[PDB]
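One structure is given below, encoded as structure tokens.
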There are 2 protein chains.
Amino acid sequence: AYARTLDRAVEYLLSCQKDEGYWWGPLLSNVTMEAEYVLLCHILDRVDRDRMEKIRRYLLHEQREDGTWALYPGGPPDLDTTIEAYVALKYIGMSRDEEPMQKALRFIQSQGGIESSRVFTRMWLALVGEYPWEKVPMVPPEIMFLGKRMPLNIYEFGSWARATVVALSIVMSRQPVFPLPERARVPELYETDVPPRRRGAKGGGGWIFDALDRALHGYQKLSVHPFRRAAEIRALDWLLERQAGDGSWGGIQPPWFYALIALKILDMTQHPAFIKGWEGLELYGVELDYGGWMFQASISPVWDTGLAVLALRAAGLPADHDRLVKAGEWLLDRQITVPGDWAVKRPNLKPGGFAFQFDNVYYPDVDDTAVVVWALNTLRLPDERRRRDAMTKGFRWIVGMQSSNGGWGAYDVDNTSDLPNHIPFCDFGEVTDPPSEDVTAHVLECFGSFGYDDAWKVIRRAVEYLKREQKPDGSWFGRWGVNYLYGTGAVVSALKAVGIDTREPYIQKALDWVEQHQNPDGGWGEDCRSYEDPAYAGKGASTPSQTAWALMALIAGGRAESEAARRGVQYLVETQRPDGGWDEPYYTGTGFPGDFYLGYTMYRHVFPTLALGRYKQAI
Amino acid sequence: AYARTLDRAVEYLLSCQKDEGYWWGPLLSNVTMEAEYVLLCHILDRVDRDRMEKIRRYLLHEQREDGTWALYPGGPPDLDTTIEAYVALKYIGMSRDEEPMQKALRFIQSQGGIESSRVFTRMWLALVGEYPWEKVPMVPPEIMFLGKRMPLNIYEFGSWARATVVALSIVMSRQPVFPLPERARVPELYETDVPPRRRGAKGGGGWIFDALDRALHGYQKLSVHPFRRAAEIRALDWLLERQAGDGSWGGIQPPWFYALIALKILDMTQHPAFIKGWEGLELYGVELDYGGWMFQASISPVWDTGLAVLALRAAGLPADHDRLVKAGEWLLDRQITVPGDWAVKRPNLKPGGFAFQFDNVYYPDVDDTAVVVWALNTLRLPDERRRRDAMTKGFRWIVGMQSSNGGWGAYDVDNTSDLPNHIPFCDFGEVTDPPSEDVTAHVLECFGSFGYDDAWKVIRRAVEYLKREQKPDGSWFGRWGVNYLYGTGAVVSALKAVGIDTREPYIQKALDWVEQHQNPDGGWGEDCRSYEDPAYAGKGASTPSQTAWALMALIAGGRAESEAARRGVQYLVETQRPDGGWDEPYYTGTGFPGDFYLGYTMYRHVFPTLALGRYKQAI
Ligand SMILES: C=CCN(C)C/C=C/COc1ccc2c(-c3ccc(Br)cc3)coc2c1
Ligand SMILES: C=CCN(C)C/C=C/COc1ccc2c(-c3ccc(Br)cc3)coc2c1
Ligand SMILES: CCCCCCCCOCCOCCOCCOCCO
Ligand SMILES: CCCCCCCCOCCOCCOCCOCCO
């Protein structure tokens, strides 16, 4: 039956593999990437008329009937995203009249205008002079003086927030303004009567931080700021030391852009670091066949490759298939062997992790490292020496990364401070990197492959963590993947792999929850709204990936030979395309719950293949 | 008569001009450049068999009958240079037997062996483990803590020494060893009976520094060096901030190589600065037609271009010649507009200088700046706006650069400390950058072109400086050009340009000295030995450049219509080649008096043309 579905999915995957031996699907997000890019180009005075064009098609192409842009496809209109896209277009050439500009503007006004947008959005506008800097939450260079163990030192922030904070302190230190031509000024963003509905800090704003900010804005007005000169150079040096190989900073859009702006501010346009950071941008860009151009928030080569392998294996290909060897070899050359920001909390821990992107040595993450190591553990490569060795380093590193609650974060250990969540500046996404169910699950499943079972204390401490984090209805939150279907799929699969008994009560209570959300069409789907409103948990249009996730949960829990089970397999078999792939018009990836969603292009092909590969196993 | 010589020389220079509009002659030095390169490659584990070959041909080709290499062509065998070349060859493949290896080896031994070589040479050997680190003068990272105004803070060193000191403190901090294969070990460098004739610090070694070093090597042995971690990072950041656009450091061989080694030491071979620093090297390399390959100690594009223009103008071409405009435009794009290390002593001084090489913004020098500005002053470019403006900036920068004694240094103001000259480490070349007669002269002649005569206090203070520095016999030392013929030529030409009276006693006493050293063959020549033994001052085989220098001195002093005068013109007119150029098998350039000499490839063509252009003027 499905066997053909598999043979067809397999050959399709293999056809997507690049020459070097890896897989690399693009990463989808929202238009703030390209919108901010346009603005960046203006700040750096490096505008390419042809590029703007391609960007205009894209922005428009992405706008909806109502004239707005959302975070995820088929989602509620987003203010910030729409404001930024609006300004972007007006600068590229559009007139506030044109149909699109019209629809958007009205939606923006019906929301309280610019005064209701996240800090970033107001900050960008502040940068081109369309918003007073005084009203933007202040982050001082002096934050660079806080010690390793102090309230709000930069290492109390998540890796992704950290670099941004550093780069920004330099920018906010100078509060520079790069005026836009009159043709693009957007005063109309204020022209509204609706009351400005301000978004506050993630965890609520104590009156302390409120005061402190006003404080800082006042100090900012003084004529002399002693040691500021030094605080800046401190930040700069911090940035210069960490620049990634591709010229980015962390391989993520934000800090990269801010860092570049900051160098511009410091008259360092013709310094090696600036030049490289600038040229690097192109690698993250993508030519859209309909004429547009988009910029990736980040890139997932390693990750894509890692899952690719595992899927193709669980599928059927030989642990030494010459095409998988190409990948295995490639992966080995990726292993990070030098200290990263994580060493600040683990000085005696030997380097051995992996990054998400191509060349980002200071920020390996547990998730990638776990999947990669495990994927390798399933291959037989020529140099069994290096494979054995690689694995062991990565493994040890993963173990040394385990946090205090027996769980695993993504980039740091016990990056669980609560302080950062209350600053006025932090009103978007996550700011800290605490342990999560999905990463912890992936780790356990990694160790699982090696055989380490529930006996080992490390594994237990972790299971205890998961057991305590389970939800009332028996599901598990999905931190980096939409959502409960993603998490529950992870945990169960993991627990199964570490020897735990699939028959336990809590396990059964999870599998039940799964069968319970199967859509009429036989598959499963969970919409990104499930982060904002619970009624959506496990509810949504069926997708190949999410279906594949629920299947893995079922296959692991023994219910492989179920109705719901065989039912979901049908869905995949039917919905598959002639070429072997699958379609998926919905995002199944999560950047920040409720704030930033991602579309992992390869998910639709790899997870269905891995789920099917594992079903063919249960028989 | 000579008119043809000029026409011929002119069209020749014009044929040497690159497309972009500049001139760029190679820079000759000695084999330690290529020898150190070989070693560098070994340290970085990046050896290209093919390149090694090209370097062997070169090394050999440069060796002399006696089996030694000298600093300047036709000079006494140099120990350090020969030791380094020896080791280089042995590593590339030579056997201690072969004729070349034998002759060299014996010369080395007849000198006390390795124990008689400069610090650098022993250090390089220490790096590959052929010499104990304990016996190498120690320079600690902690030097990074001395304040702006303190004994031996890094800004008390000359720009070229500074960067090296920083990069090295990191290296000496770790005292790393990169072993050579047994095949190349050079124990035989010790096998000698002759007493080791040790070279001491430039200005003498007080017993203090002697003790201090011993102190440091002791502290080096401790198990804990508090804050060293930070001293290193201070150095690292200092380097990271100053890397040049081409990836070099200062556009000079030394620090660039050391910095690269230092990054390697810190596991930063995957960092942008290193990759760029590494790829940058190729630009300084040069394919030799006989199969060899050489590496330039530095590059003189700006300088060459600057003089090229002036010569072609004084010769005759129109101030708006389309071919000179190409140059003028090019030069404008070169002006440095950001703070350099010089700002540490001139914070309120506006940037406006120029560098020697292509892209080296933190180290513009007075010499280049003066020649460039002045050369522009002689042109008529399309955008008279930028020309007017640029000049002004440069001018101001030059003025603000004048030191305490009315003289001008090269890179810094009053970089005249005496402390650095006594450290055990500093046994090679110059370590400080004090004012010199030639630079000061070039500056005066620059201003001179504008009009600013002796009235202006600036000019006077300077003339006073020169007047006091003149030698007993009426000559002027040549700091960056071999030597008295170079300096005296500069000064006199300058003084003439600033309105002074060529008839004065001291002026006449100079011109006389000139006429007095004219060689029988009608030309002038001064050998590089004139830095070690006075009997050589103004003595040596005639060269096109030095002849052209003495001519400018004579033409300026009114004695243009002299015997010696017309006599020297003959020399040039005759010795000139059929193509238009001139030959010059001798170095006329000076890096460090008595320690490092340079061959300016373009000198032989430009100065003769400029001297001839100025003779055609006196009629
Ligand atoms: C899929 C598995 C998740 N696991 C953990 C691997 C790591 C993935 C990379 O995680 C991120 C995490 C954050 C980001 C951002 C981003 C976007 C906007 C802001 Br504001 C800040 C960061 C852009 O790309 C990102 C990628
Ligand atoms: C011709 C005019 C001189 N004027 C002033 C312009 C500046 C020229 C650059 O001066 C230098 C000055 C020093 C160096 C070194 C060098 C070589 C060995 C060591 Br050790 C240290 C530096 C290599 O190249 C150099 C070039
Ligand atoms: C000069 C110290 C070299 C020793 C490196 C250990 C650094 C420990 O990391 C602590 C914080 O820095 C995070 C890592 O990325 C650092 C890059 O800087 C490179 C070498 O200092
Ligand atoms: C963050 C301060 C930036 C202002 C620096 C100017 C300081 C005065 O110059 C001191 C000497 O250092 C030379 C500066 O240029 C080198 C690179 O350092 C980068 C920031 O300017």
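Each chain in the structure tokens gets a letter, A, B, ..., in the order shown, and its residues are numbered from 1; ligands are numbered from 1 in order too.
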
Distance table requested - chain A against ligand 1, cut-off 9 Å, only C-alpha atoms and all ligand atoms: one row per qualifying residue with the closest atom pair and its distance in Å to one decimal, ordered by chain and rising residue number, as JSON lines.
```
{"residue": "A:27", "atom": "CA", "partner": "ligand 1", "partner_atom_place_in_ligand_line": "24 (O)", "distance": 8.5}
{"residue": "A:29", "atom": "CA", "partner": "ligand 1", "partner_atom_place_in_ligand_line": "23 (C)", "distance": 8.4}
{"residue": "A:33", "atom": "CA", "partner": "ligand 1", "partner_atom_place_in_ligand_line": "18 (C)", "distance": 8.7}
{"residue": "A:120", "atom": "CA", "partner": "ligand 1", "partner_atom_place_in_ligand_line": "20 (Br)", "distance": 7.9}
{"residue": "A:159", "atom": "CA", "partner": "ligand 1", "partner_atom_place_in_ligand_line": "12 (C)", "distance": 8.9}
{"residue": "A:160", "atom": "CA", "partner": "ligand 1", "partner_atom_place_in_ligand_line": "22 (C)", "distance": 5.5}
{"residue": "A:161", "atom": "CA", "partner": "ligand 1", "partner_atom_place_in_ligand_line": "21 (C)", "distance": 6.5}
{"residue": "A:164", "atom": "CA", "partner": "ligand 1", "partner_atom_place_in_ligand_line": "21 (C)", "distance": 8.2}
{"residue": "A:251", "atom": "CA", "partner": "ligand 1", "partner_atom_place_in_ligand_line": "24 (O)", "distance": 7.7}
{"residue": "A:252", "atom": "CA", "partner": "ligand 1", "partner_atom_place_in_ligand_line": "23 (C)", "distance": 4.9}
{"residue": "A:253", "atom": "CA", "partner": "ligand 1", "partner_atom_place_in_ligand_line": "23 (C)", "distance": 6.1}
{"residue": "A:254", "atom": "CA", "partner": "ligand 1", "partner_atom_place_in_ligand_line": "19 (C)", "distance": 5.8}
{"residue": "A:255", "atom": "CA", "partner": "ligand 1", "partner_atom_place_in_ligand_line": "21 (C)", "distance": 8.0}
{"residue": "A:296", "atom": "CA", "partner": "ligand 1", "partner_atom_place_in_ligand_line": "24 (O)", "distance": 8.1}
{"residue": "A:297", "atom": "CA", "partner": "ligand 1", "partner_atom_place_in_ligand_line": "23 (C)", "distance": 4.6}
{"residue": "A:298", "atom": "CA", "partner": "ligand 1", "partner_atom_place_in_ligand_line": "24 (O)", "distance": 4.5}
{"residue": "A:299", "atom": "CA", "partner": "ligand 1", "partner_atom_place_in_ligand_line": "24 (O)", "distance": 7.6}
{"residue": "A:300", "atom": "CA", "partner": "ligand 1", "partner_atom_place_in_ligand_line": "8 (C)", "distance": 7.3}
{"residue": "A:303", "atom": "CA", "partner": "ligand 1", "partner_atom_place_in_ligand_line": "6 (C)", "distance": 7.1}
{"residue": "A:304", "atom": "CA", "partner": "ligand 1", "partner_atom_place_in_ligand_line": "1 (C)", "distance": 9.0}
{"residue": "A:355", "atom": "CA", "partner": "ligand 1", "partner_atom_place_in_ligand_line": "7 (C)", "distance": 7.8}
{"residue": "A:356", "atom": "CA", "partner": "ligand 1", "partner_atom_place_in_ligand_line": "7 (C)", "distance": 5.6}
{"residue": "A:357", "atom": "CA", "partner": "ligand 1", "partner_atom_place_in_ligand_line": "9 (C)", "distance": 8.3}
{"residue": "A:364", "atom": "CA", "partner": "ligand 1", "partner_atom_place_in_ligand_line": "7 (C)", "distance": 8.8}
{"residue": "A:365", "atom": "CA", "partner": "ligand 1", "partner_atom_place_in_ligand_line": "6 (C)", "distance": 6.4}
{"residue": "A:366", "atom": "CA", "partner": "ligand 1", "partner_atom_place_in_ligand_line": "5 (C)", "distance": 7.1}
{"residue": "A:367", "atom": "CA", "partner": "ligand 1", "partner_atom_place_in_ligand_line": "4 (N)", "distance": 4.8}
{"residue": "A:368", "atom": "CA", "partner": "ligand 1", "partner_atom_place_in_ligand_line": "6 (C)", "distance": 5.5}
{"residue": "A:369", "atom": "CA", "partner": "ligand 1", "partner_atom_place_in_ligand_line": "6 (C)", "distance": 8.9}
{"residue": "A:409", "atom": "CA", "partner": "ligand 1", "partner_atom_place_in_ligand_line": "5 (C)", "distance": 8.2}
{"residue": "A:410", "atom": "CA", "partner": "ligand 1", "partner_atom_place_in_ligand_line": "5 (C)", "distance": 5.2}
{"residue": "A:411", "atom": "CA", "partner": "ligand 1", "partner_atom_place_in_ligand_line": "5 (C)", "distance": 7.9}
{"residue": "A:428", "atom": "CA", "partner": "ligand 1", "partner_atom_place_in_ligand_line": "20 (Br)", "distance": 6.6}
{"residue": "A:429", "atom": "CA", "partner": "ligand 1", "partner_atom_place_in_ligand_line": "20 (Br)", "distance": 6.7}
{"residue": "A:430", "atom": "CA", "partner": "ligand 1", "partner_atom_place_in_ligand_line": "21 (C)", "distance": 8.1}
{"residue": "A:431", "atom": "CA", "partner": "ligand 1", "partner_atom_place_in_ligand_line": "21 (C)", "distance": 8.8}
{"residue": "A:438", "atom": "CA", "partner": "ligand 1", "partner_atom_place_in_ligand_line": "3 (C)", "distance": 8.7}
{"residue": "A:439", "atom": "CA", "partner": "ligand 1", "partner_atom_place_in_ligand_line": "5 (C)", "distance": 7.0}
{"residue": "A:479", "atom": "CA", "partner": "ligand 1", "partner_atom_place_in_ligand_line": "3 (C)", "distance": 8.3}
{"residue": "A:480", "atom": "CA", "partner": "ligand 1", "partner_atom_place_in_ligand_line": "3 (C)", "distance": 5.2}
{"residue": "A:481", "atom": "CA", "partner": "ligand 1", "partner_atom_place_in_ligand_line": "1 (C)", "distance": 6.9}
{"residue": "A:589", "atom": "CA", "partner": "ligand 1", "partner_atom_place_in_ligand_line": "1 (C)", "distance": 7.0}
{"residue": "A:590", "atom": "CA", "partner": "ligand 1", "partner_atom_place_in_ligand_line": "1 (C)", "distance": 7.7}
{"residue": "A:591", "atom": "CA", "partner": "ligand 1", "partner_atom_place_in_ligand_line": "13 (C)", "distance": 5.4}
{"residue": "A:592", "atom": "CA", "partner": "ligand 1", "partner_atom_place_in_ligand_line": "13 (C)", "distance": 7.3}
{"residue": "A:595", "atom": "CA", "partner": "ligand 1", "partner_atom_place_in_ligand_line": "18 (C)", "distance": 8.8}
{"residue": "A:596", "atom": "CA", "partner": "ligand 1", "partner_atom_place_in_ligand_line": "18 (C)", "distance": 6.7}
{"residue": "A:597", "atom": "CA", "partner": "ligand 1", "partner_atom_place_in_ligand_line": "17 (C)", "distance": 8.8}
{"residue": "A:598", "atom": "CA", "partner": "ligand 1", "partner_atom_place_in_ligand_line": "24 (O)", "distance": 8.2}
{"residue": "A:600", "atom": "CA", "partner": "ligand 1", "partner_atom_place_in_ligand_line": "1 (C)", "distance": 8.2}
```

Item to check | Env. residues ligand 4 / 10 Å / only C-alpha atoms and all ligand atoms / as a ChimeraX atom specification | outcome: /A:141,170,228-237,263,265-268,271 /B:148,155,237-244,338-347,361-363

Next on the checklist: Taking 2 positions as the minimum chain separation for residues in the same chain, which residues sit within 12 Å of residue 198 in chain B when counting only C-alpha atoms? Answer as an MDAnalysis selection string.
Outcome noted: chainID B and resid 79:80 111:119 122 194:196 200:201 424 427

Next on the checklist: DSSP on the backbone: which residues in range 114-297 of chain A end up as helix (DSSP H, G or I)? Give the answer as a PyMOL selection string.
Outcome noted: chain A and resi 114-116+119-127+133-135+141-145+154-156+159-174+182-184+187-189+207-219+228-242+253-265+272-284

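Comparing B:62, B:473, B:210, B:329 by their smallest distance to residue 511 in chain B, the closest is B:473 (using only C-alpha atoms).
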
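Note that CA of residue 605 in chain A and CA of residue 289 in chain A are 20.8 Å apart.
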
Checklist entry - Where does DSSP see strand (DSSP E) in range 164-400 of chain A, if you list the residues as a ChimeraX atom specification? => result /A:285-287,293-295

For N, CA and C atoms, I'd like the residues from the last selection saved as a PDB file, in the first residue's frame.
```
ATOM      1  N   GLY A 285      19.641  35.759   1.313  1.00  0.00           N
ATOM      2  CA  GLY A 285      18.608  36.183   0.382  1.00  0.00           C
ATOM      3  C   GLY A 285      18.106  35.020  -0.465  1.00  0.00           C
ATOM      4  N   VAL A 286      16.944  35.189  -1.100  1.00  0.00           N
ATOM      5  CA  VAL A 286      16.358  34.139  -1.936  1.00  0.00           C
ATOM      6  C   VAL A 286      15.553  34.704  -3.094  1.00  0.00           C
ATOM      7  N   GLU A 287      15.895  34.286  -4.314  1.00  0.00           N
ATOM      8  CA  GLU A 287      15.179  34.735  -5.502  1.00  0.00           C
ATOM      9  C   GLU A 287      13.836  33.996  -5.603  1.00  0.00           C
ATOM     10  N   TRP A 293      11.868  38.946  -3.991  1.00  0.00           N
ATOM     11  CA  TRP A 293      13.082  38.569  -3.283  1.00  0.00           C
ATOM     12  C   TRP A 293      12.767  38.578  -1.800  1.00  0.00           C
ATOM     13  N   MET A 294      13.210  37.562  -1.072  1.00  0.00           N
ATOM     14  CA  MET A 294      12.962  37.514   0.363  1.00  0.00           C
ATOM     15  C   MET A 294      14.266  37.278   1.119  1.00  0.00           C
ATOM     16  N   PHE A 295      14.308  37.692   2.387  1.00  0.00           N
ATOM     17  CA  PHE A 295      15.495  37.504   3.220  1.00  0.00           C
ATOM     18  C   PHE A 295      15.168  36.569   4.379  1.00  0.00           C
TER      19      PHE A 295
END
```
